[PDB]
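For reference, the chain that follows is the form deposited in one PDB entry, supplied as structure tokens.
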């Protein structure tokens, strides 16, 4: 289990995907040139997981860039690390998706889907032992959502033995451009339930509320939100990119955090919260990080862990700190708060330590929770979907592209079936 193939689809997918490379690249000492100018060789021991080696002592991300709108490849190539992606791995159309899931899933995205698969096959046949795939996308748009779910399904059919893992941004009125997003997200969630092994729910509602109320940014920008997404994505993948034992590869993490196949939607969090460049702070200590890590205000999914029960939890501390300093605290959380961890999964909170901290901070902690409180996120989406669907608003947009009205009622029933499954295990007892 060595190589990971990263894919980014749509404007949100490619934007947050780019921020991911800019950040992990600097932790790994790779410059915009692919030349490694780092300061230690733990940055190299496991760099094959996300980078290919290009024979001139250069490093190339194992990344595929996809979007039906050509506008945003102009975008990414412009970025700080714009010119280190393989030009041949830019698969872009000219007609966009128009924020329409059906267009991305069925018509314009389906015309481009196997051009994308060709590049995935090229990447995968060069891997010694491919672990699986990592997709970054939005669920509220048309390309990231529609085509992204199509790509998941067809990648699944071609690589049934590998792990599929997604970083899915959920729509929110606080940040939204259109009212059709509950349609696109509800149609997307249906395919994520069936065809993904792990999904990180990065809720734009939570990202906005964090910037708006805790970091006191009057008008959050997309770049403000992505600063939080970049740090989360960097934290949750620390154990994949650095020598470790717990959660060391994509399948080992999945085996530990997913007790039931469909309940694989995680609620990520991260401490401390900084704003872009204002990060200089007092220090923070181990007891504080532990409690901020488990704090609702620190999650990037707009749900209260206190309103449900943890099925599994993964914690990643970063930086030079006392570890059993850490092991006293995270065992204290569990016994004082015994009622919020299910009794029928013993030892369901695992702790990892990585001595390499992120840029700008000497100590950090990342939270990965599989909580039954995640129902709140899907119930929020289900209510908006139903509100629109009951008045059948703008369904002509979807039917006109070759989709059926009963796929909407089916999506509605599958989201609600997911909701019911969580509440079933939230009330269950060891007995």
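If you superpose the two forms and keep the largest set of C-alpha atoms that fall within 1.5 Å, you have the rigid core. Only residues modelled in both forms are compared. Positions refer to the first chain, counted from 1.
Separately, the form deposited in another entry exists; it is not shown, and the next lines address it.
The comparison between this form and the one not shown, aligned on the rigid core, picks out a single residue among 160, 277, 261, 223 whose CA moves by 2 Å or more, and that residue is 277.
Cα of residue 274 to Cα of residue 12: at least 3 Å longer in that other deposited form than in the shown structure.
Listed alone, the shifted run between this form and the one not shown is 274 to 283, counting only residues present in both forms whose C-alphas move 2 Å or more over at least three consecutive positions once the core is aligned.
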